[PDB]
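Trainee: Please read through the structure below; I'll follow up with questions.
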Amino acid sequence: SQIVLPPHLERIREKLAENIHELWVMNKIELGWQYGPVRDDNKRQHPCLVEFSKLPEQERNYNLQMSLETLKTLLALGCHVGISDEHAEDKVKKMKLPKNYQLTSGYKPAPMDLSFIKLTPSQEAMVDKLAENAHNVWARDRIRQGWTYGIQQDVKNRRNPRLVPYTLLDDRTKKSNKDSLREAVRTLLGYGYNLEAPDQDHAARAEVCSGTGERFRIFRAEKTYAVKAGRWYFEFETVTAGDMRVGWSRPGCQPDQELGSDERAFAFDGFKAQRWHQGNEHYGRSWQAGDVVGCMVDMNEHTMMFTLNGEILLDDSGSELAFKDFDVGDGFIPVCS
Ligand SMILES: Nc1ncnc2c1ncn2[C@@H]1O[C@H](COP(=O)(O)OP(=O)(O)OP(=O)(O)O)[C@@H](O)[C@H]1O
Ligand SMILES: COc1ccc2c(c1)CN(Cc1ccc(C(=O)O)cc1)CCS2
């Protein structure tokens with residue numbers, strides 16, 4: 001609603017609405033439909049196969065309003081308005097079609113040949129978001145009318161399986177309406193308004209939010225199994241690749257504090273390839289999904305070692321010791337975050 005259509009976009013909008021409805025009234029005929037009084041699916045009949053004047057005025061209103069909303073959404077996402085050339089837009093191309101698959105109306109079959117334009121993937125992704133917004137509008141209309149999602153289609157319960165998120169949406173109807181709207185956008189560019197796609201947002205939020213507030217869960221062995229001396233080994237297999245920390249923790253480790261931030265835990269962050277004790281320092285390489293990290297501690301000379309799929313991880317220098325010297329204290333127990 002906040003979008004104000006400039007006058008050039010307005011008088012282009014009128015005849016692009018005309019162009020789209022006539023595109024539709026031969027796409028139905030090439031699908032094989034035929035003109036008729038009532039909108040019957042089995043009879044293969046619709047009054048809309050004819051010019052907009054004799055076409056039902058309510059369907060004309062729908063077509064014009066959806067074209068206006070399409071252009072308004074394109075402007076609302078920030079698509080740069082494109083002008084090819086005034087005489088290029090004044091020039092109109094006609095490509096004749098066979099009568100059986102040609103519209104009953106007198107409009108030109110192909111104002112623009114779908115071939116001679118190489119459509120840039122930037123505005124192709126723009127057409128993607130346009131389809132997503134259009135289906136959002138449709139679903140909003142259904143909710144306003146009171147329709148709700150139901151796996152089996154039922155009109156009397158107003159239950160529709162189509163009411164689903166766009167990514168989860170049915171592939172067949174998805175590609176159908178989606179290619180209809182891609183060819184509509186293709187036509188509006190080919191007519192002369194070669195709209196320039198806006199910038200692509202490379203930055204991603206990466207979905208760091210979690211259920212509830214807690215960001216990590218710490219798993220550790222019992223405090224009674226603390227080792228005071230000797231050589232010990234355990235393995236940590238990363239089913240997924242991501243934010244994990246594994247190592248040895250003191251029996252006083254706090255569940256709410258991240259491993260290695262404090263002084264009471266020694267951890268290895270393979271996701272950042274970084275060690276953790278009273279802070280973080282670069283250590284080793286990163287793991288992939290399915291990698292196994294071996295944790296080796298020798299409590300006699302107070303050293304810790306780490307392995308990634310067998311090979312011993314090493315510092316920025318050639319040293320293989322993850323941590324050089326630490327007091328035995330009250331022992332260490334295996335831990336993972
Ligand atoms: N060529 C077209 N391209 C896109 N949308 C169109 C086109 N022609 C018509 N429409 C829209 O499709 C709508 C179809 O409405 P229809 O009567 O089929 O469904 P409905 O009344 O919501 O029924 P129900 O959802 O219960 O099946 C029309 O009202 C119009 O807004
Ligand atoms: C996708 O454009 C079209 C193509 C063909 C037809 C219509 C719309 C109009 N229809 C009503 C209709 C419209 C849209 C939907 C929908 O997909 O939500 C369902 C029914 C009657 C049969 S002719």
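Labeling convention for the structure tokens: chains A, B, ... as they appear, residues from 1 per chain, ligands from 1 in order of appearance.
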Taking the DSSP assignment computed from this structure's backbone, write out as number ranges by chain all residues of segment 31-176 of chain A that belong to strand (DSSP E).
Mentor: A: 34-35, 45-46, 148-149, 159-160
Trainee: Limited to N, CA, C and O atoms, could you put the picked residues into a file as a tab-separated table (two decimals), in the first residue's frame?
Mentor:
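Printed below is out.tsv as written:
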chain	number	residue	atom	x	y	z
A	34	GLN	N	-11.49	-24.48	-24.44
A	34	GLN	CA	-12.31	-23.82	-25.45
A	34	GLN	C	-13.33	-22.92	-24.77
A	34	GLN	O	-13.67	-23.11	-23.59
A	35	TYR	N	-13.82	-21.95	-25.53
A	35	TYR	CA	-14.70	-20.92	-24.99
A	35	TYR	C	-16.06	-21.50	-24.61
A	35	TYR	O	-16.57	-22.40	-25.29
A	45	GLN	N	-14.92	-25.21	-20.51
A	45	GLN	CA	-15.60	-23.97	-20.89
A	45	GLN	C	-15.24	-22.85	-19.93
A	45	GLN	O	-15.21	-23.06	-18.71
A	46	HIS	N	-14.96	-21.66	-20.48
A	46	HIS	CA	-14.78	-20.39	-19.77
A	46	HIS	C	-15.06	-19.17	-20.64
A	46	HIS	O	-14.59	-19.09	-21.78
A	148	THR	N	-8.41	-23.59	6.08
A	148	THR	CA	-7.32	-24.11	6.88
A	148	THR	C	-6.70	-25.31	6.18
A	148	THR	O	-7.29	-25.89	5.27
A	149	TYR	N	-5.50	-25.68	6.62
A	149	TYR	CA	-4.78	-26.76	5.97
A	149	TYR	C	-5.37	-28.12	6.35
A	149	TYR	O	-5.67	-28.37	7.52
A	159	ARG	N	-10.93	-27.13	3.91
A	159	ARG	CA	-9.63	-27.70	4.24
A	159	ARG	C	-8.87	-27.96	2.95
A	159	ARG	O	-9.36	-28.67	2.07
A	160	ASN	N	-7.66	-27.40	2.85
A	160	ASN	CA	-6.88	-27.43	1.63
A	160	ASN	C	-5.47	-27.93	1.91
A	160	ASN	O	-4.78	-27.37	2.76
Trainee: Return as a PyMOL selection string every polymer residue, whether protein, DNA or RNA, with at least one atom no more than 7 Å from an atom of ligand 1; count only C-alpha atoms and all ligand atoms.
Mentor: chain A and resi 21+24+59+62-63+155+158
Trainee: List as an NGL selection string the protein and nucleic acid residues near residue 284 of chain A, meaning an atom at most 12 Å away when only C-alpha atoms are counted, but skip any in the same chain fewer than 2 places from it.
Mentor: :A and (268-276 or 281-282 or 286-287 or 293 or 305-308 or 311-322)
Trainee: Keeping only N, CA, C and O atoms, take the residues you just selected and write them out as a compact mmCIF listing (two decimals), in the first residue's frame.
Mentor:
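What ended up in out_23.txt:
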# COMPACT_ATOMS: atom_id res chain seq x y z
N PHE A 268 38.55 -28.63 23.03
CA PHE A 268 39.02 -28.44 21.66
C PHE A 268 37.82 -28.16 20.78
O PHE A 268 36.92 -28.99 20.67
N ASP A 269 37.81 -26.99 20.14
CA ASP A 269 36.72 -26.58 19.26
C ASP A 269 37.15 -26.81 17.82
O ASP A 269 37.82 -25.97 17.22
N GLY A 270 36.74 -27.95 17.25
CA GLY A 270 37.11 -28.24 15.88
C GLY A 270 36.36 -27.39 14.87
O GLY A 270 36.84 -27.18 13.76
N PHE A 271 35.18 -26.90 15.25
CA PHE A 271 34.41 -26.06 14.34
C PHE A 271 35.16 -24.78 14.00
O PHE A 271 35.11 -24.30 12.87
N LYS A 272 35.88 -24.23 14.98
CA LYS A 272 36.78 -23.11 14.76
C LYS A 272 38.25 -23.53 14.69
O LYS A 272 39.10 -22.66 14.50
N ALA A 273 38.55 -24.82 14.84
CA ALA A 273 39.93 -25.31 14.88
C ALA A 273 40.74 -24.54 15.93
O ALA A 273 41.79 -23.96 15.64
N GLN A 274 40.22 -24.55 17.15
CA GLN A 274 40.71 -23.65 18.19
C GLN A 274 40.62 -24.34 19.54
O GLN A 274 39.61 -24.98 19.86
N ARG A 275 41.68 -24.22 20.34
CA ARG A 275 41.68 -24.76 21.70
C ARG A 275 41.00 -23.77 22.63
O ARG A 275 40.77 -22.62 22.27
N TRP A 276 40.68 -24.23 23.84
CA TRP A 276 39.95 -23.42 24.80
C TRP A 276 40.42 -23.72 26.22
O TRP A 276 40.20 -24.82 26.73
N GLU A 281 42.78 -20.11 21.72
CA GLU A 281 43.95 -19.98 20.88
C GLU A 281 43.86 -20.99 19.74
O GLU A 281 43.35 -22.10 19.91
N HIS A 282 44.36 -20.61 18.58
CA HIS A 282 44.27 -21.42 17.37
C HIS A 282 45.05 -22.71 17.58
O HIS A 282 46.19 -22.69 18.04
N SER A 286 40.01 -28.40 11.34
CA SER A 286 38.59 -28.62 11.57
C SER A 286 38.21 -30.05 11.22
O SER A 286 38.87 -30.73 10.44
N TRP A 287 37.12 -30.51 11.83
CA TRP A 287 36.57 -31.83 11.56
C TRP A 287 35.41 -31.74 10.58
O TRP A 287 34.84 -30.66 10.38
N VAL A 293 37.35 -37.82 17.14
CA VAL A 293 38.38 -37.06 17.84
C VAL A 293 38.81 -37.87 19.05
O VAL A 293 37.99 -38.18 19.92
N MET A 305 46.81 -34.17 24.57
CA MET A 305 46.97 -34.34 23.14
C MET A 305 45.62 -34.62 22.51
O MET A 305 44.70 -35.14 23.15
N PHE A 306 45.49 -34.28 21.23
CA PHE A 306 44.26 -34.48 20.49
C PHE A 306 44.58 -35.09 19.14
O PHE A 306 45.64 -34.82 18.56
N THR A 307 43.67 -35.91 18.64
CA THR A 307 43.83 -36.54 17.34
C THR A 307 42.54 -36.38 16.54
O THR A 307 41.45 -36.37 17.09
N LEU A 308 42.70 -36.27 15.22
CA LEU A 308 41.57 -36.16 14.30
C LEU A 308 41.67 -37.29 13.29
O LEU A 308 42.51 -37.24 12.38
N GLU A 311 45.45 -38.94 13.05
CA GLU A 311 46.60 -38.06 13.03
C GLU A 311 46.56 -37.11 14.22
O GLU A 311 45.49 -36.65 14.63
N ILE A 312 47.73 -36.83 14.79
CA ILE A 312 47.82 -36.01 15.99
C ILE A 312 47.75 -34.54 15.59
O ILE A 312 48.55 -34.07 14.78
N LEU A 313 46.78 -33.83 16.15
CA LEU A 313 46.68 -32.40 15.92
C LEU A 313 47.83 -31.67 16.60
O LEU A 313 48.35 -32.10 17.63
N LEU A 314 48.23 -30.55 16.01
CA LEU A 314 49.40 -29.81 16.45
C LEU A 314 49.13 -28.31 16.43
O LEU A 314 48.21 -27.84 15.75
N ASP A 315 49.95 -27.57 17.17
CA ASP A 315 49.75 -26.14 17.39
C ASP A 315 50.05 -25.37 16.11
O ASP A 315 50.25 -25.94 15.03
N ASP A 316 50.06 -24.04 16.21
CA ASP A 316 50.62 -23.24 15.13
C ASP A 316 52.09 -23.60 14.90
O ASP A 316 52.57 -23.62 13.77
N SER A 317 52.80 -23.90 15.98
CA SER A 317 54.12 -24.50 15.89
C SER A 317 53.99 -26.02 15.78
O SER A 317 52.89 -26.58 15.83
N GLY A 318 55.13 -26.68 15.61
CA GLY A 318 55.13 -28.12 15.40
C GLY A 318 54.80 -28.94 16.64
O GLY A 318 54.67 -30.16 16.52
N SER A 319 54.67 -28.31 17.80
CA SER A 319 54.42 -29.04 19.03
C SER A 319 53.08 -29.75 18.98
O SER A 319 52.08 -29.20 18.52
N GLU A 320 53.06 -31.00 19.46
CA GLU A 320 51.85 -31.81 19.49
C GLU A 320 51.09 -31.68 20.80
O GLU A 320 50.03 -32.31 20.95
N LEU A 321 51.58 -30.89 21.75
CA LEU A 321 50.97 -30.77 23.07
C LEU A 321 49.89 -29.70 23.02
O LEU A 321 50.18 -28.52 22.82
N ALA A 322 48.63 -30.11 23.20
CA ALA A 322 47.53 -29.15 23.23
C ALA A 322 47.68 -28.20 24.41
O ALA A 322 47.49 -26.99 24.27
Trainee: Identify, counting only C-alpha atoms and all ligand atoms, the protein, DNA and RNA residues located within 10 Å of ligand 2, and give them as a count of residues only.
Mentor: 30
Trainee: For segment 246-255 of chain A, please output as a list in words all residues within 7 Å (counting only C-alpha atoms; exclusion window: fewer than 5 positions along the same chain).
Mentor: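 Result of the neighbour search: residues 218, 223, 264, 265, 266, 267, 268, 295, 331, 332, 333, 334, 335, 336 and 337 of chain A.
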Trainee: Now that the selection is made, can you save its residues with N, CA, C and O atoms as a compact mmCIF listing (two decimals), in the first residue's frame?
Mentor:
# COMPACT_ATOMS: atom_id res chain seq x y z
N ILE A 218 26.08 -29.66 28.11
CA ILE A 218 27.38 -30.23 28.45
C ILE A 218 27.18 -31.63 29.00
O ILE A 218 26.40 -31.84 29.94
N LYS A 223 31.83 -37.34 38.67
CA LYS A 223 32.99 -36.78 39.36
C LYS A 223 33.84 -37.84 40.03
O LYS A 223 35.05 -37.64 40.19
N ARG A 264 38.43 -24.07 34.51
CA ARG A 264 38.10 -25.38 35.03
C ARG A 264 37.75 -26.39 33.95
O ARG A 264 37.11 -27.41 34.25
N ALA A 265 38.14 -26.14 32.70
CA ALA A 265 37.89 -27.08 31.62
C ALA A 265 38.94 -26.88 30.53
O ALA A 265 39.41 -25.76 30.30
N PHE A 266 39.29 -27.98 29.87
CA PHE A 266 40.20 -27.96 28.73
C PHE A 266 39.49 -28.61 27.56
O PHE A 266 39.18 -29.80 27.61
N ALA A 267 39.24 -27.84 26.51
CA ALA A 267 38.40 -28.30 25.41
C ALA A 267 39.08 -28.00 24.08
O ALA A 267 40.04 -27.24 24.00
N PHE A 268 38.55 -28.63 23.03
CA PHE A 268 39.02 -28.44 21.66
C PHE A 268 37.82 -28.16 20.78
O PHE A 268 36.92 -28.99 20.67
N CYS A 295 40.93 -38.11 22.50
CA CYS A 295 41.40 -37.23 23.57
C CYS A 295 42.40 -38.01 24.42
O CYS A 295 42.03 -39.00 25.06
N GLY A 331 41.82 -33.73 39.73
CA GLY A 331 41.65 -34.68 38.65
C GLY A 331 40.88 -34.10 37.48
O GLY A 331 40.45 -32.95 37.47
N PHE A 332 40.71 -34.95 36.47
CA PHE A 332 40.01 -34.59 35.25
C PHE A 332 39.04 -35.70 34.85
O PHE A 332 39.28 -36.88 35.12
N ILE A 333 37.95 -35.30 34.21
CA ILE A 333 36.94 -36.23 33.72
C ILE A 333 36.60 -35.86 32.28
O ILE A 333 36.69 -34.68 31.91
N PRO A 334 36.23 -36.82 31.44
CA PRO A 334 35.86 -36.49 30.06
C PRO A 334 34.63 -35.60 30.01
O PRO A 334 33.75 -35.68 30.86
N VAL A 335 34.59 -34.73 29.00
CA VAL A 335 33.52 -33.75 28.87
C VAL A 335 33.32 -33.43 27.39
O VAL A 335 34.27 -33.48 26.60
N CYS A 336 32.08 -33.13 27.02
CA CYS A 336 31.80 -32.63 25.69
C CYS A 336 30.67 -31.61 25.78
O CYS A 336 29.76 -31.76 26.59
N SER A 337 30.77 -30.57 24.96
CA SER A 337 29.72 -29.56 24.84
C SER A 337 29.13 -29.64 23.45
O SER A 337 29.86 -29.65 22.45
Trainee: At a cut-off of 10 Å, using only C-alpha atoms, what residues contact residue 1 of chain A? Leave out same-chain residues fewer than 2 positions from it and give the result as a list in words.
Mentor: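 What passes the distance filter is residues 3, 4, 69, 72, 73 and 76 of chain A.
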Trainee: Which residues of segment 131-199 of chain A come within 12 Å of segment 97-118 of chain A, and for each one, what is the closest pair of atoms and their distance in Å to one decimal, counting only C-alpha atoms, sorted by chain and residue number, as a tab-separated table?
Mentor:
residue	atom	partner	partner_atom	distance
A:182	CA	A:114	CA	10.7
A:183	CA	A:114	CA	7.8
A:184	CA	A:114	CA	10.3
A:185	CA	A:114	CA	10.9
A:186	CA	A:114	CA	7.5
A:187	CA	A:112	CA	6.4
A:188	CA	A:112	CA	9.1
A:189	CA	A:117	CA	9.1
A:190	CA	A:112	CA	6.0
A:191	CA	A:112	CA	6.7
A:192	CA	A:112	CA	9.9
A:194	CA	A:117	CA	10.6
Trainee: From the options A:299, A:26, A:179, A:168, which residue's atoms come nearest to residue 96 of chain A, counting only C-alpha atoms?
Mentor: A:26
Trainee: Between A:195, A:130, A:304, A:66, single out the one closest to residue 166 of chain A, counting only C-alpha atoms.
Mentor: A:130
Trainee: Kindly give the distance, in Å, that separates atom CA of residue 303 of chain A and atom CA of residue 326 of chain A, rounded to a single decimal.
Mentor: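 We find that atom CA of residue 303 of chain A and atom CA of residue 326 of chain A lie 7.6 Å from each other.
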Trainee: If you run DSSP over the backbone, which residues in segment 23-197 of chain A end up helix (DSSP H, G or I)? Put them as a ChimeraX atom specification.
Mentor: /A:23-31,47-49,57-76,86-90,121-145,171-190
Trainee: Could you give me, as a list in words, the residues within 12 Å of residue 77 of chain A, counting only C-alpha atoms and dropping anything in the same chain fewer than 2 positions from it?
Mentor: residues 3, 70, 71, 72, 73, 74, 75, 79, 80, 81, 123, 125, 126, 127, 129, 130, 133, 196, 197, 198, 199, 200 and 201 of chain A
Trainee: Closest to residue 53 of chain A among A:170, A:18, A:86, A:30, using only C-alpha atoms?
Mentor: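 The shortest atom-to-atom distance to residue 53 of chain A comes from A:18.
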